[PDB]
Structure formats: structure tokens, C-alpha cells
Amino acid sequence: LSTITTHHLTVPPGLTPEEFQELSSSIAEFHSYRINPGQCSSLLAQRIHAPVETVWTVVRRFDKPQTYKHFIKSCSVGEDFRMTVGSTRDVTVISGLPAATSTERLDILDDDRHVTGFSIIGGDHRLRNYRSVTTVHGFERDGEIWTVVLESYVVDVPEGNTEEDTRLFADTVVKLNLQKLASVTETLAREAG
């Protein structure tokens, strides 16, 4: 029947084992899900050579996904938008023609622990039951500093598609956006200001 994910029990690509062992409790706490037979889930990681708060300042901007995500034509939150759990955004995504619309809900926002997450709750695309969580972590070794971002999701496998294609699609989207996040924040860190 239902199962618990195992992301917190194996090393995700692009993470070292030493890094994983430092993150294993966070992965258990924030990146575990109970999933049903029609669902899949994945955990992706991205190392970033920038301080945590530099990365978090970008990651946390629910109303400006275009700043670290590809193919965002627009994102609207409506005036009086205040960043609070339950707020929603309408994203127009130009990954194809016509452009897709995704309505997304802010699920988590913890500025102290550097955790956020959202759920897709409308739109005209095929990803159903999509929910993701992103956490940001600082590392240090001999005075050197870096960040690891972890992003996991759960989603329904769409009718007529395999889990492997579903995971390949969502994994590729998340991985490429994490690479943009790394570039944007490493540029920020390099240039200071």
C-alpha cells in the first residue's frame, strides 16, 4: 500500500557522502513523504559556493521565481501580496506553445531554518498533486564556506506515462533550475555589493 520515501537513506547525485551524513536528519525531517502507488518522489541537491543567506535571499522570494527558474514568462501575485503561508502565485511558463499556467500555493516559509515549499493547486498543465520542499544548508571546512540546497517533490504519475518519465521530467526541471540558482547566487557572492 502506502510507503515512506527513502531519500534520507541514500546519497543524492551531486552530494558527497560526508555532506549527506551531515544532512541526514534534515532530509528525514523535511524531505520525507508518505506516497501511494500512483505517485513518485525525488530528492535533488546542488552545492553552491556562496554563503547561506546569499542563497536564501533568492530561494525565499516566492513572488519572483523567474530569478532562479528557467522558462518563466511572468509571475503574478496581486497587489497587497504579503509573503505568508497560503499566498498564491500565477506563473506563466513558456516551455511550450501555448504557454502554461500554474497556480501555486506557498506551503512553508521558515526564515530561521531556511525552509520553503509550495503546492500546485491549479493551472492548465498535466502535473497533478505536485508538492515540493526546498531547504538551504551551510557548510564549513577550515574556514571555507559553502551552501547545499536540497529540493524534493512528490507528484502523481499522469495517466499514460511511466514513473520513470515523470521523474525524468520533474528531475530535469528541478536540476536545471538549481543550476540557475547556483549561477545567480555565485555571481552575487563573487561581486558582493
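Residue indices: 1-based, along the sequence shown.
Of the two stretches examined, 130-138 and 22-30, the record assigns the greater average C-alpha temperature factor to 22-30. Averaged over their C-alpha atoms, the temperature factors of 46-54 and 161-169 are higher for 161-169. In this PDB entry, the Cα temperature factor of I35 sits in the top third of its chain's modelled residues, the highest group. When the CA B factors of the chain's modelled residues are split into thirds, the value for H125 lands in the highest one. In this PDB entry, the Cα temperature factor of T10 sits in the top third of its chain's modelled residues, the highest group. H114: CA B factor in the lowest third of modelled residues in this chain (values from the PDB entry). Per-chain ranking of the deposited C-alpha B factor places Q179 in the lowest third.
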